[PDB]
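Scroll down for the structure; my scribbles are underneath it.
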Amino acid sequence: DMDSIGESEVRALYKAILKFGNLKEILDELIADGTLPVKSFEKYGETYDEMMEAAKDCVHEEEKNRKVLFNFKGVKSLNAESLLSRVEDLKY
DNA sequence: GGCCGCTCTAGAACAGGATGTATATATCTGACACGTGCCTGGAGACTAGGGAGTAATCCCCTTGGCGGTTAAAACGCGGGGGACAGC
């Protein structure tokens, strides 16, 4: 199962990173406290990085548009700007 | 020095998650039927001896009749006891 990701896990990850930024430090605790259902740590890591890159791409698409929700694996429960800002702000 | 734009706050709408309940769908459970394979019993064939069947004769038993006598059965009558209904 560890290579799959469920929409409930997409939700839980999205909320987690909305609260905590680069979860991959904490992420073991976030599984151990049950915030995230059990999955491969590597899979959560890569799908996090993937959506960070997709958020950057969304910002490039905004730049293309002028010169906000976007899906993960079709799951619409995601937006770029909140995550990107929250992650960098909480890191700082 | 003035006005408009930008930012923040407030209200409204929509969606998702959480929880409980109902309904539909799937799975199990069981028995019957059919198919397959193997083994055993039945079927077929042949012979010899014994049992059954057939025939005759004789003897004993059973059936039928007669007569008389005796006991049993049938008819009769009255009274008592038991059975039946009630409470």
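With ideal geometry, Cβ positions are generated from the backbone for all residues, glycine too; neighbour counts draw on all protein chains shown. Bear in mind that the values in this text are calculations on the coordinates, not laboratory data.
Determine whether residue A:67 is among the charged types (D, E, K, R), within 14 Å of DNA strand B (Cβ to nearest atom) and surrounded by fewer than 16 Cβ atoms within 10 Å (Cβ to Cβ). Here the answer is no, as residue A:67 does not meet what is asked.
Scanning segment A:1-32 for residues that are surrounded by fewer than 16 Cβ atoms within 10 Å (Cβ to Cβ), within 16 Å of DNA strand B (Cβ to nearest atom) and of a type in the set (D, E, K, R) turns up A:7, A:11, A:15, A:19.
Would you be able to tell me the number of residues in segment A:33-48 that are within 15 Å of DNA strand B (Cβ to nearest atom) and surrounded by 18 or more Cβ atoms within 10 Å (Cβ to Cβ)?
1
Taking first residues from segment A:58-86 that are aromatic (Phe, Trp, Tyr) and partners that are within 16 Å of DNA strand B (Cβ to nearest atom) and assigned to a strand (DSSP E or B), the Cβ contacts under 9 Å between residues at least 6 apart in sequence or on separate chains come to A:70/A:79.
Test residue A:54 against the criterion of being of a type in the set (A, V, I, L, M), over 15 Å from residue A:10 (Cβ atoms) and either more than 16 Å from DNA strand B (Cβ to nearest atom) or exposed (fewer than 14 other Cβ atoms within 10 Å of the Cβ) (or both), and give yes or no. Spell out how you get there, then give the answer.
On the way: of a type in the set (A, V, I, L, M): yes; over 15 Å from residue A:10 (Cβ atoms): no; either more than 16 Å from DNA strand B (Cβ to nearest atom) or exposed (fewer than 14 other Cβ atoms within 10 Å of the Cβ) (or both): yes.
In short, no.
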